[PDB]
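All values below come from the heavy atoms of this structure, side chains included, with hydrogens, waters and symmetry mates left out. Just so it is clear: chains get the letters A, B, ... in the order the sequence lines come, proteins before strands, and each one is counted from 1.
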Amino acid sequence: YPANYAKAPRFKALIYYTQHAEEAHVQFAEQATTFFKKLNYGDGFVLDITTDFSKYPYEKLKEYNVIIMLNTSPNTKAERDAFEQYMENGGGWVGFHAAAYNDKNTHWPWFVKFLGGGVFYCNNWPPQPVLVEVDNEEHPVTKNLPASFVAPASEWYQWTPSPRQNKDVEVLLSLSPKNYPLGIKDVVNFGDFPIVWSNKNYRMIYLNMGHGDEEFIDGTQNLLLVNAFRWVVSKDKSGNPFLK
Amino acid sequence: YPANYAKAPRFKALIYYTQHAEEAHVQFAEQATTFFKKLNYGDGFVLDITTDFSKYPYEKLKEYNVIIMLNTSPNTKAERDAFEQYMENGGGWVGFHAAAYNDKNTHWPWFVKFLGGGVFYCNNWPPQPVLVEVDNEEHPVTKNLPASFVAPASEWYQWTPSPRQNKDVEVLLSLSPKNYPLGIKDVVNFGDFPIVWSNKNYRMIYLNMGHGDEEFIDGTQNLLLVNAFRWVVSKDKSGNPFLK
Amino acid sequence: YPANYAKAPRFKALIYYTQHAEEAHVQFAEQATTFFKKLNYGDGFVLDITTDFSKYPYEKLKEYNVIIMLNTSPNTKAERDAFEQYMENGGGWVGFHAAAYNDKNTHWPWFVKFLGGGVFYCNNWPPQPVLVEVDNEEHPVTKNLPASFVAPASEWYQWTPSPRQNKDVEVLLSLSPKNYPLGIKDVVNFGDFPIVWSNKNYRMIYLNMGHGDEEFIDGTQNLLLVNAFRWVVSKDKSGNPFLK
Ligand SMILES: [Cl-]
Ligand SMILES: [Cl-]
Ligand SMILES: [Cl-]
Ligand SMILES: [Cl-]
Ligand SMILES: [Cl-]
Ligand SMILES: [Cl-]
Ligand SMILES: [Cl-]
Ligand SMILES: [Cl-]
Ligand SMILES: [Cl-]
Ligand SMILES: [Zn+2]
Ligand SMILES: [Zn+2]
Ligand SMILES: [Zn+2]
Ligand SMILES: [Zn+2]
Ligand SMILES: [Zn+2]
Ligand SMILES: [Zn+2]
Ligand SMILES: [Zn+2]
Ligand SMILES: [Zn+2]
Ligand SMILES: [Zn+2]
Ligand SMILES: [Zn+2]
Ligand SMILES: [Zn+2]
Ligand SMILES: [Zn+2]
Ligand SMILES: [Zn+2]
Ligand SMILES: [Zn+2]
Ligand SMILES: [Zn+2]
Ligand SMILES: [Zn+2]
Ligand SMILES: [Zn+2]
Ligand SMILES: [Zn+2]
Ligand SMILES: [Zn+2]
Ligand SMILES: [Zn+2]
Ligand SMILES: [Zn+2]
Ligand SMILES: [Zn+2]
């Protein structure tokens, strides 16, 4: 029989986002929360949602297979330390857009290293669709994606160093250099442009998109999101929940 | 002159769907009805819509070039017998999603045979986009589609036997095995996965998608639907209405 | 450093459309105006919007890098003459859909010549998605587009002569002949079918799509629009504003 029907929820996931962000980043979080809610129709998993990460010390995080951060990262020492302990003890992460933002004022070296080394460098403006290219066509995140496709509008970040420079990072999707020169207000002219990657030392994926209220208009990118979430969940060292 | 402008409506079509179905299947029917209404702007055809197939014995069906079943099939003996006579006398059908659902309690062998032999076997859950592949790139349904593309979210059915096992069936679109393992709650791991086909003994096409309120977000799948409808309509043994 | 961040708005653009048009052409204009408004978040450029082109003699047009005509062309002699002088003195144009419509009753030979020679010939009906093909994969308008893709629904125009017959026209995107026979009410069976082009004697692009309230459902076509606008703006003989 080719199908494994769940008898009970398979794993637990936590969504964290903030309402204290530019409007477009709140809009994305709201819609992405709907996206994940719909993935949990029929209670395939346990999904908890919060705007307040202060209530989640490590002891209350450890039960989660994955934390999905839609728009921001922890900003207080206690929250940051809880997240670090979680990730260092085999926790899962799916991060979007400004959840990875960091700069000279972040003062969180653990997180810069968790991301693969990249500090924010530059971005195009305004948000626009772009041609994207799959770096590894065999990977579970991208095996059922077209090798290249146009992703819907976002503003896109470069980092320094590029995450690709880290041999422990696998870049999975990149913005094509065919997009250059990229931008109308703020124009990006050259450089490496990874947009989805994983630091292989952690059970984590980062996706650079997540801006505004039209990110779910295309099946292709929607499938990338499903795949990203599924991959991180499947890799739990305690057992692949999809085999239960 | 390369264009044939209609002087009058070209053919008649009937949409049948039910409101007595899970919410997502009612939503799809409603949106698909809008899709077809828009195709009939300017009265290219006569479009009648019903939620009550009991009012349509064979004598009242025979005038229709095609019946579009958006979410369900006839459930009473009288309705089933009217539909059988219609299809056996050269009628047209475009069916979606659970319009083909059948199982050990259906007790309608004519319809299982009409579909090509397949009884419901399994499905993934939750609805998600998937990579789909065109089986015959030359066919009128698929000649202007990309050879592979991502279709928007649905839950997808396997059947036993596969409709492909029937030599009288032409499979037109299939879910790629690159999608395996497919599912988060209910996981499909292997098997043939046709999703659009025609039993060549009838003027009919079946499309497995049709779930929820976001099935029309992509041009590509929208074009598949146009093409499916146009093909069945064009094949009327009484004459191709598009030549009038 | 690979990015050029604007210090001030880079150029000025004018949108003109009419509310005195079929509903679908007003809907497109409204949504396209939103699209351009969003491109101007953060004041990358100066964007002025009007439904009344009578207020724009040549002296008041000359300051604009580009005029975007979403649904119609000037109909009075004074408006037509202002637009002619503007375009003959290095002005920019991005036109959509019925902004290029012209027939035996237009009586504006300058404009027929500006467009590349084509008078309206025929169209399919109803609006539907179609397979489109990039004619020049290296051009700034199309270099980051897939070589072929399905565009969302519009009704599509043929012209006589084809704009392609003019050696001064570069055709950039064409409706594939794989779409033939095209139409349900009004059926197009053959012929050249360019849909995006530029008369190289002017700083102008024409895009045939622009019908209804669902033209922005796909990233790919959205990217074509961004690229079309950016290309015309970049070519200003007074200097590429993106270098400032
Ligand atoms: Cl803690
Ligand atoms: Cl977009
Ligand atoms: Cl997976
Ligand atoms: Cl009957
Ligand atoms: Cl989807
Ligand atoms: Cl056809
Ligand atoms: Cl003037
Ligand atoms: Cl469409
Ligand atoms: Cl450009
Ligand atoms: Zn606040
Ligand atoms: Zn500091
Ligand atoms: Zn510090
Ligand atoms: Zn491969
Ligand atoms: Zn490849
Ligand atoms: Zn290492
Ligand atoms: Zn953003
Ligand atoms: Zn009921
Ligand atoms: Zn029984
Ligand atoms: Zn029985
Ligand atoms: Zn071929
Ligand atoms: Zn092929
Ligand atoms: Zn046979
Ligand atoms: Zn369903
Ligand atoms: Zn779309
Ligand atoms: Zn009026
Ligand atoms: Zn006249
Ligand atoms: Zn005249
Ligand atoms: Zn090339
Ligand atoms: Zn090529
Ligand atoms: Zn010349
Ligand atoms: Zn139109």
| message | When you compare the side chains of C:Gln221 and C:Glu215, does any donor N or O come within less than 3.5 Å of an acceptor on the partner? | response | yes
| query | Side chains of B:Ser176 and B:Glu133: is there a donor and an acceptor less than 3.5 Å apart? | reply | yes
| field | Proximity breakdown for B:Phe45 and chain C, heavy-atom pairs closer than 4.5 Å | value | side chain
| What residue, out of B:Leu145, B:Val226, B:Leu39, B:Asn227, has the most heavy-atom pairs lying under 4.5 Å from chain C? | B:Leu39
| field | Region of B:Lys38 that comes under 4.5 Å of a non-hydrogen atom in chain C | value | both
| said: Non-hydrogen contacts under 4.5 angstrom with chain B: give the residues of residues 197-205 of chain C involved, or none if there are none. | reply: none
| note | One option among C:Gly212, C:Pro181, C:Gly219 has the most heavy-atom pairs under 4.5 Å with chain B, and it is C:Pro181
| Between C:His97 and C:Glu155: side-chain donor-acceptor atoms closer than 3.5 Å | yes
| remark: Ranking B:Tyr1, B:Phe149, B:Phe216 by heavy-atom pairs under 4.5 Å to chain C gives rank one to B:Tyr1
| Side chains of B:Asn240 and B:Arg10: do they bring a donor and an acceptor to under 3.5 Å? | no
| Side chain proximity check, B:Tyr17 to B:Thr51, heavy atoms < 4.5 angstrom | yes
| field | Charged N-O contact under 4.0 Å between B:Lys60 and B:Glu63 | value | no
| message | With a 4.5 Å cut-off on side-chain heavy atoms, are B:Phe11 and B:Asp236 touching? | response | no
